[PDB]
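Shown here is one chain on its own, the form deposited in one PDB entry, set out as structure tokens.
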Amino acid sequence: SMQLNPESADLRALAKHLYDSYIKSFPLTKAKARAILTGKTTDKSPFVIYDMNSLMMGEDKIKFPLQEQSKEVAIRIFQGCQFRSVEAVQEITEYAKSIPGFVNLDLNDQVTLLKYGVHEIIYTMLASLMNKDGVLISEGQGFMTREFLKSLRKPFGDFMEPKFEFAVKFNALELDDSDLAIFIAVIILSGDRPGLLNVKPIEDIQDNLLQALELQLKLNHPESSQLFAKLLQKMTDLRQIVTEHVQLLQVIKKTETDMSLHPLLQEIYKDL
């Protein structure tokens, strides 16, 4: 069974390092998101976008567009989501640099792990900002309803729904930021990504993160012995969400020309 030894003290040290770096890299933590979503925050309520009227009032309220603002609502929303995804790529990149051993990997491998990892991490962390009713946007200053997003014309009405479906089930696991910091690191350090140069050093880092994660979960969740196994299952699930997402982006690229795909996202999508 579980032991207090030097190995376990090192794994707890790693968990703390990752948590501290995760806090630094991602201002809106799950703890803060949940406080807003339950109202248990003392902060001002987010502005709620639940219909076309409150979307347009929202554009006046929420600050975070030359011929962008000429496009129909669904495209303005979709383009906004793309920009926020690119900001998320930047943050997740900075987080990865804090993962011990990551910056010592060959720079091409660092880039490959991020290329194939970032969307998995985006869907994981998006769950922190979701409840069954909607999602927090612009770092908690807004809340956009799930049914409002579904109401957008085909094919835009379907692009968030699979992320909500993932989030309701993921959120039932009741992970906290301390758990997530390690989970995200595990996903990034996946040795099976296409086109990696040096698989073994990545596998060696991931093995240590997986040990850190299993110990964190045993300590932090006395009421489930299944949680580690369930989280390995979520890692495979996320690869499905991303596949499905990419196919939707194809359908959009094919059917919905006169609508710009962010060049950086194009680069990432190339070989997913």
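Between two forms, the rigid core is defined as the largest C-alpha subset superposing within 1.5 Å. When you see a residue number, it is the position in the sequence shown, counting from 1.
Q69 is a gap in at least a third of the other entries compared, counting only those with both neighbours built. Gap between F64 and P65: 4 to 9 deposited residues without coordinates.
In this crystal structure, the stretch out of 54-62 and 203-211 whose C-alpha atoms carry the higher mean B factor is 54-62. Averaged over Cα atoms, the B-factor as recorded in the entry is higher for 155-163 than for the other of 116-124 and 155-163. Looking only at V111, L173, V73, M144, the residue with the top Cα B factor in the deposited structure is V73. Out of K218, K44, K230, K32, the entry records its largest CA B-factor for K44. Ranked by C-alpha B-factor against the other modelled residues of its chain, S85 falls in the middle third. Ranked against the other modelled residues of its chain, the C-alpha B-factor of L136 as given in the entry falls in the lowest third. Among the modelled residues of its chain, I49 has a C-alpha B-factor that falls in the lowest third, as given in the PDB entry. Sorting the modelled residues of the chain by their CA temperature factor places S190 in the middle third.
Split the chain's modelled residues into thirds by C-alpha temperature factor. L249 is in the highest one.
A second form of this protein, the form deposited in another entry, is not displayed here; the remarks below concern that form.
With a cut-off of 2 Å and the rigid core superposed, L180 has a Cα displacement that falls short of the cut-off between the shown form and the other one.
Residue displacement note: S85 has its CA displaced by at least 2 Å between the shown form and the other one (rigid core superposed). The rigid-core alignment places the CA of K24 less than 2 Å apart between the shown form and the other one. Note on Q266 and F183: their C-alpha atoms are more widely spaced in the other form, a change of at least 3 Å from this conformation. The pair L248 and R76 is tighter in the other form: their Cα-Cα distance falls by no less than 3 Å compared with this form.
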